[PDB]
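*Asks:* Contents of work-v1.cif (mmCIF, C-alpha atoms) are given next:
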```
data_model
loop_
_atom_site.label_atom_id
_atom_site.label_comp_id
_atom_site.auth_asym_id
_atom_site.auth_seq_id
_atom_site.Cartn_x
_atom_site.Cartn_y
_atom_site.Cartn_z
CA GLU A 172 5.06 254.36 239.92
CA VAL A 173 7.34 257.12 238.58
CA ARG A 174 6.26 258.87 235.37
CA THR A 175 8.35 261.50 233.57
CA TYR A 176 6.52 264.12 231.50
CA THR A 177 8.06 266.61 229.07
CA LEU A 178 5.43 269.29 228.40
CA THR A 179 5.96 271.83 225.61
CA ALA A 180 2.48 273.22 225.00
CA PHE A 181 3.15 276.59 226.63
CA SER A 182 0.52 279.15 225.65
CA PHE A 183 1.06 282.84 226.33
CA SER A 184 -1.22 285.70 227.41
CA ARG A 185 -0.51 289.12 228.91
CA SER A 186 -1.78 291.19 231.84
CA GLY A 187 -0.78 294.83 231.42
CA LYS A 188 2.96 294.94 230.75
CA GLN A 189 3.74 291.35 231.77
CA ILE A 190 3.76 288.01 229.93
CA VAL A 191 1.77 285.05 231.26
CA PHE A 192 2.87 281.57 230.20
CA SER A 193 0.72 278.51 230.82
CA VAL A 194 0.99 274.75 230.28
CA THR A 195 -1.49 272.01 231.14
CA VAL A 196 -0.73 268.93 233.25
CA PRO A 197 -2.36 265.78 231.78
CA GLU A 198 -2.02 263.51 234.84
CA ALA A 199 -2.29 263.97 238.60
CA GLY A 200 0.39 263.06 241.12
CA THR A 201 3.06 264.42 243.42
CA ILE A 202 6.01 266.10 241.72
CA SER A 203 9.37 264.82 242.95
CA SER A 204 11.54 266.94 240.61
CA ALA A 205 10.70 269.70 238.13
CA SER A 206 12.85 271.76 235.77
CA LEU A 207 12.04 274.38 233.14
CA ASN A 208 14.09 274.38 229.93
CA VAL A 209 14.44 277.71 228.10
CA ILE A 210 15.50 277.60 224.44
CA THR A 211 15.97 280.90 222.62
CA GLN A 212 18.11 282.64 220.01
CA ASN A 213 17.42 286.28 220.93
CA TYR A 214 18.32 288.05 224.15
CA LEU A 215 15.56 288.01 226.77
CA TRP A 216 16.70 291.32 228.35
CA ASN A 217 17.25 289.82 231.81
CA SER A 218 13.59 288.88 232.13
CA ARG A 219 12.72 287.62 235.61
CA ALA A 220 9.84 285.22 236.11
CA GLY A 221 8.03 282.98 238.57
CA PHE A 222 7.02 279.36 238.03
CA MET A 223 6.15 276.68 240.60
CA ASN A 224 7.37 278.63 243.65
CA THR A 225 10.66 279.31 241.85
CA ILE A 226 12.40 282.56 240.95
CA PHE A 227 14.58 282.40 237.84
CA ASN A 228 16.02 284.96 235.44
CA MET A 229 16.21 284.00 231.76
CA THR A 230 18.85 286.00 229.87
CA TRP A 231 19.59 283.65 226.94
CA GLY A 232 19.33 279.86 226.83
CA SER A 233 19.12 278.09 230.18
CA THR A 234 17.62 275.09 231.97
CA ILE A 235 16.36 276.16 235.41
CA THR A 236 15.64 273.77 238.28
CA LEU A 237 12.10 274.54 239.45
CA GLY A 238 13.11 274.01 243.06
CA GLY A 239 9.89 274.98 244.80
CA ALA A 240 7.94 272.44 242.79
CA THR A 241 9.11 269.41 244.81
CA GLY A 242 5.92 268.14 246.45
CA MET A 243 3.25 270.01 244.48
CA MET A 244 0.15 267.81 244.49
CA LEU A 245 -1.11 268.36 240.95
CA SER A 246 -4.43 267.19 239.54
CA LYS A 247 -5.85 266.33 236.13
CA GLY A 248 -5.80 269.40 233.92
CA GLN A 249 -4.22 271.56 236.61
CA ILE A 250 -2.82 274.57 234.76
CA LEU A 251 0.69 275.62 235.78
CA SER A 252 0.93 279.30 234.87
CA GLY A 253 3.54 281.91 235.69
CA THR A 254 4.40 285.55 235.09
CA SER A 255 7.49 287.07 233.48
CA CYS A 256 8.73 290.63 233.04
CA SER A 257 11.93 291.99 231.53
CA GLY A 258 14.53 294.04 233.38
CA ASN A 259 14.25 292.11 236.66
CA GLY A 260 10.49 292.56 236.85
CA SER A 261 10.34 296.20 235.73
CA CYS A 262 8.76 295.62 232.28
CA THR A 263 10.66 298.57 230.82
CA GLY A 264 9.43 299.72 227.43
CA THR A 265 8.14 297.50 224.64
CA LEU A 266 10.72 294.82 225.53
CA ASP A 267 8.21 292.38 227.04
CA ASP A 268 5.92 293.02 224.07
CA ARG A 269 8.82 291.97 221.85
CA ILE A 270 9.66 288.98 224.07
CA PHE A 271 6.00 288.04 223.66
CA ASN A 272 6.34 287.49 219.91
CA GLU A 273 9.54 285.54 220.59
CA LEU A 274 7.32 283.10 222.54
CA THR A 275 4.14 282.94 220.45
CA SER A 276 5.94 282.53 217.11
CA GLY A 277 8.75 280.26 218.18
CA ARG A 278 12.34 281.47 218.66
CA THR A 279 11.78 281.02 222.41
CA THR A 280 10.09 277.92 223.82
CA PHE A 281 9.72 276.31 227.22
CA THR A 282 10.16 272.65 228.13
CA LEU A 283 8.69 271.32 231.38
CA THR A 284 10.12 268.07 232.74
CA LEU A 285 8.30 266.57 235.74
CA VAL A 286 9.21 263.55 237.88
CA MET A 287 5.87 262.63 239.43
CA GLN A 288 4.45 259.89 241.67
CA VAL A 289 1.26 258.51 240.11
CA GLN B 4 29.35 302.19 218.11
CA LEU B 5 29.95 298.44 218.06
CA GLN B 6 32.47 296.77 215.79
CA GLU B 7 34.30 293.47 215.38
CA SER B 8 37.94 292.60 214.71
CA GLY B 9 39.68 289.37 213.80
CA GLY B 10 38.37 286.58 211.62
CA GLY B 11 38.97 285.61 208.01
CA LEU B 12 39.30 282.40 205.99
CA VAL B 13 41.09 279.66 207.96
CA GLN B 14 41.31 275.95 207.25
CA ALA B 15 39.54 273.20 209.20
CA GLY B 16 41.08 272.77 212.64
CA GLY B 17 42.34 276.36 212.62
CA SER B 18 41.63 279.04 215.20
CA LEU B 19 40.42 282.64 215.19
CA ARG B 20 39.90 285.26 217.90
CA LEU B 21 37.14 287.82 217.38
CA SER B 22 37.11 291.05 219.40
CA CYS B 23 34.16 293.41 219.82
CA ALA B 24 34.79 297.17 219.99
CA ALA B 25 32.35 298.91 222.34
CA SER B 26 32.80 302.66 221.86
CA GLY B 27 32.04 304.46 225.12
CA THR B 28 31.02 303.93 228.72
CA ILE B 29 27.42 303.13 227.70
CA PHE B 30 28.61 299.51 227.39
CA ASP B 31 30.08 299.04 230.88
CA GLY B 32 28.48 296.13 232.73
CA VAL B 33 26.31 295.32 229.70
CA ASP B 34 25.16 291.92 228.47
CA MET B 35 26.77 291.15 225.10
CA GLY B 36 26.54 288.11 222.84
CA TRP B 37 27.84 286.71 219.55
CA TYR B 38 25.70 285.63 216.60
CA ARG B 39 26.41 284.09 213.19
CA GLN B 40 24.45 284.12 209.94
CA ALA B 41 25.11 282.19 206.71
CA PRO B 42 23.50 282.67 203.28
CA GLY B 43 20.04 281.13 203.30
CA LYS B 44 20.11 280.76 207.10
CA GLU B 45 18.59 283.11 209.66
CA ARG B 46 20.73 284.63 212.39
CA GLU B 47 21.59 281.87 214.87
CA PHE B 48 22.85 282.21 218.42
CA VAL B 49 26.52 281.47 219.06
CA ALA B 50 27.71 282.63 222.48
CA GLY B 51 27.00 285.27 225.10
CA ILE B 52 28.35 286.76 228.31
CA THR B 53 26.28 288.60 230.91
CA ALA B 54 27.25 291.61 233.01
CA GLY B 55 28.14 289.23 235.84
CA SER B 56 30.65 287.56 233.50
CA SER B 57 28.51 284.46 232.97
CA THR B 58 28.79 282.05 230.03
CA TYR B 59 25.96 281.19 227.61
CA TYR B 60 27.01 279.06 224.62
CA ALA B 61 25.13 277.46 221.75
CA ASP B 62 25.08 273.70 221.30
CA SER B 63 26.84 273.45 217.92
CA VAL B 64 29.75 275.43 219.42
CA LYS B 65 29.76 273.96 222.94
CA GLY B 66 33.26 273.17 224.18
CA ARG B 67 34.83 274.19 220.87
CA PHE B 68 34.33 277.95 221.22
CA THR B 69 35.01 280.11 224.28
CA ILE B 70 33.57 283.54 225.12
CA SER B 71 34.92 286.10 227.59
CA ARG B 72 35.14 289.85 228.07
CA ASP B 73 37.56 292.39 229.53
CA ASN B 74 35.17 294.65 231.44
CA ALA B 75 37.64 297.56 231.49
CA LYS B 76 38.50 297.26 227.79
CA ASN B 77 34.84 297.32 226.65
CA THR B 78 35.79 294.33 224.49
CA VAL B 79 34.14 290.90 224.24
CA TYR B 80 36.21 288.02 222.86
CA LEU B 81 35.04 284.80 221.19
CA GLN B 82 37.88 282.27 220.91
CA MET B 83 36.95 279.79 218.17
CA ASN B 84 38.80 276.45 218.12
CA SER B 85 38.44 273.31 216.00
CA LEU B 86 36.61 275.20 213.28
CA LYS B 87 34.32 273.25 210.94
CA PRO B 88 32.96 274.32 207.53
CA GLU B 89 29.48 275.00 208.95
CA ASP B 90 31.02 277.77 211.07
CA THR B 91 31.39 279.84 207.88
CA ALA B 92 29.14 282.85 208.46
CA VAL B 93 29.22 286.56 209.21
CA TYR B 94 29.86 286.80 212.96
CA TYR B 95 27.95 289.74 214.41
CA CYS B 96 28.46 291.00 217.96
CA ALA B 97 25.44 292.32 219.87
CA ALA B 98 25.13 294.27 223.12
CA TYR B 99 22.04 295.13 225.11
CA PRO B 100 21.69 298.23 227.33
CA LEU B 101 20.10 297.16 230.63
CA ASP B 102 18.46 300.42 231.73
CA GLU B 103 21.58 302.56 231.41
CA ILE B 104 19.50 305.57 232.53
CA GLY B 105 17.91 305.42 229.09
CA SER B 106 14.76 307.07 227.79
CA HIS B 107 13.14 305.09 224.98
CA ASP B 108 12.69 301.32 224.87
CA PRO B 109 16.16 299.81 225.51
CA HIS B 110 16.85 298.72 221.94
CA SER B 111 19.39 296.14 220.73
CA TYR B 112 22.43 297.64 219.00
CA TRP B 113 24.81 295.47 216.98
CA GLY B 114 28.04 295.65 215.02
CA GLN B 115 28.62 295.43 211.28
CA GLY B 116 29.86 291.84 211.14
CA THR B 117 33.29 290.41 210.39
CA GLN B 118 33.51 287.54 207.91
CA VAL B 119 34.71 284.04 208.85
CA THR B 120 35.18 281.17 206.39
CA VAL B 121 36.33 277.59 206.97
CA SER B 122 37.78 275.69 204.01
CA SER B 123 38.21 271.92 203.71
#
```
Show me, as structure tokens, the structure contained in the file I just sent.

*Replies:*
Amino acid sequence: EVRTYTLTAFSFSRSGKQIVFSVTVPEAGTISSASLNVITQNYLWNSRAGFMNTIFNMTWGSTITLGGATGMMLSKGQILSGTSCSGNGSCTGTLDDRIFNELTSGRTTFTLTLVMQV
Amino acid sequence: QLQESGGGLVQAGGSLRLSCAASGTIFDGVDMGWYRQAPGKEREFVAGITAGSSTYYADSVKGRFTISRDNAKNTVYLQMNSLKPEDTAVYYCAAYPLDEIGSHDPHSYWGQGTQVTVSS
């Protein structure tokens, strides 16, 4: 009973100087393989982030393997949320506030593929 | 002061070699990328290289183009092969200061933009 989900309903908030992305999981199960897909046209100023026990660093376009997600027992409506700051987690200047509008208004979107066990 | 060199109208299947002129040491170990922009189209990504000499290409230019940089020359190259008529656009070169002991918000400085055209 393997079900693959591609989630692209990432909503964005902020806490202080840092961006907070969030996507909802519509079915429970045990993740066997997860990967985040970053699509963008503008530089992300070496923004580091955390998602699903995984450290990545989005500079431009990239598809990161969410390594630490293998085995996460998710539930219905469990919100996967992570934090992201530019300059290797230093949040220097209004960069992250710019990178925010690159997420809310398109030009930078996330794509969450999950290989679960339902 | 950023600036581009190379480019100009070439026929389909031709090749061009753009070079980016980074004026000063402010650009050493700095992430720099290439962008194109046609009339009626917004600025689209093309190719980029990080300080660690990585490679970040677009999809419409994957495998056809090739980016690189000579870290000592302060020059980023974009080798364009198998050129198609959609590649006709002003090719701008952008660099991004990654906390080079700056003061204000590390802005995004660009070049002026060399012209590239592909005829049938």

*Asks:* So, counting only C-alpha atoms, which residue among B:121, B:83, B:49, B:29 is closest to chain A?

*Replies:*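 Checking each candidate against chain A, we get B:49 as the closest.
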
*Asks:* May I have a table of the residues of chain A lying at most 6 Å from chain B, giving each one's closest pair of atoms and their distance in Å to one decimal, counting all atoms listed in the file, ordered by chain and ascending residue number, as a tab-separated table?

*Replies:*
```
residue	atom	partner	partner_atom	distance
A:212	CA	B:48	CA	5.0
A:264	CA	B:108	CA	4.4
A:265	CA	B:108	CA	5.9
```

*Asks:* I'd like the contact shell of range 240-243 of chain A - 7 Å cut-off, only C-alpha atoms, skipping same-chain residues fewer than 3 positions apart - returned as number ranges by chain.

*Replies:* A: 201-205, 223-224, 237

*Asks:* Could you expand the PyMOL selection byres ((chain B and resi 72) around 9) into the explicit residues it covers here, written as a list in words?

*Replies:* residues 22, 35, 52, 56, 70, 71, 73, 74, 75, 76, 77, 78, 79, 80 and 81 of chain B

*Asks:* Selection in question (the file shown): the PyMOL selection byres ((chain A and resi 189) around 9). Which residues does it include, as a list in words?

*Replies:*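 Selected by the PyMOL selection byres ((chain A and resi 189) around 9) here: residues 184, 185, 186, 187, 188, 190, 191, 254, 255, 256, 257, 260, 262, 267 and 268 of chain A.
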
*Asks:* Find the residue from B:103, B:31, B:90, B:45 that sits nearest to residue 18 in chain B; use all atoms listed in the file when measuring.

*Replies:*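 Smallest distance to residue 18 in chain B is found for B:90.
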
*Asks:* Any chance you could resolve the PyMOL selection byres ((chain A and resi 178-181) around 12) against this file and give the residues as an MDAnalysis selection string?

*Replies:* chainID A and resid 175:177 182:184 190:198 205:210 250:253 274:277 279:286

*Asks:* Which residue out of B:64, B:119, B:41, B:33 has the minimum interatomic distance to residue 230 in chain A when only C-alpha atoms are used?

*Replies:* B:33

*Asks:* Which of these residues is nearest to residue 89 in chain B, using only C-alpha atoms: B:42, B:27, B:32, B:10?

*Replies:*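 Residue with the minimum atom-to-atom distance to residue 89 in chain B: B:42.
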
*Asks:* Distance CA of residue 231 in chain A-CA of residue 211 in chain A, one decimal place?

*Replies:*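 So the answer is 6.3 Å.
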
*Asks:* By how many Å are CA of residue 68 in chain B and CA of residue 259 in chain A apart?

*Replies:*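 About the pair CA of residue 68 in chain B and CA of residue 259 in chain A: they are 29.0 Å apart.
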
*Asks:* CA of residue 234 in chain A and CA of residue 20 in chain B, how far apart in Å?

*Replies:*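 About the pair CA of residue 20 in chain B and CA of residue 234 in chain A: they are 28.2 Å apart.
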
*Asks:* Show me the residues around (39.1, 283.3, 206.7) - criterion: an atom at most 9 Å away, all atoms listed in the file counted - as a ChimeraX atom specification.

*Replies:* /B:10-14,19,91,118-122

*Asks:* Using all atoms listed in the file, pick whichever of B:94, B:67, B:16, B:43 has the shortest atom-to-atom distance to residue 123 in chain B.

*Replies:*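 For residue 123 in chain B, the nearest of the candidates is B:16.
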
*Asks:* Taking all atoms listed in the file into account, name the residue in A:220, A:263, A:215, A:244 that is nearest to residue 232 in chain A.

*Replies:*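 Under the stated criterion, the closest residue is A:215.
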
*Asks:* Extract, using only C-alpha atoms, all DNA, RNA and protein residues at most 7 Å from residue 229 in chain A, discarding same-chain residues fewer than 3 positions from it, and format them as a VMD selection string.

*Replies:* chain A and resid 215 217 to 219 233

*Asks:* Starting from 6 Å padding per side, set up an axis-aligned box that covers all listed atoms of range 102-112 of chain B and hand over centre and edge lengths in Å, one decimal, as JSON.

*Replies:*
```
{"center_x": 17.6, "center_y": 301.6, "center_z": 225.8, "size_x": 21.7, "size_y": 22.9, "size_z": 25.5}
```
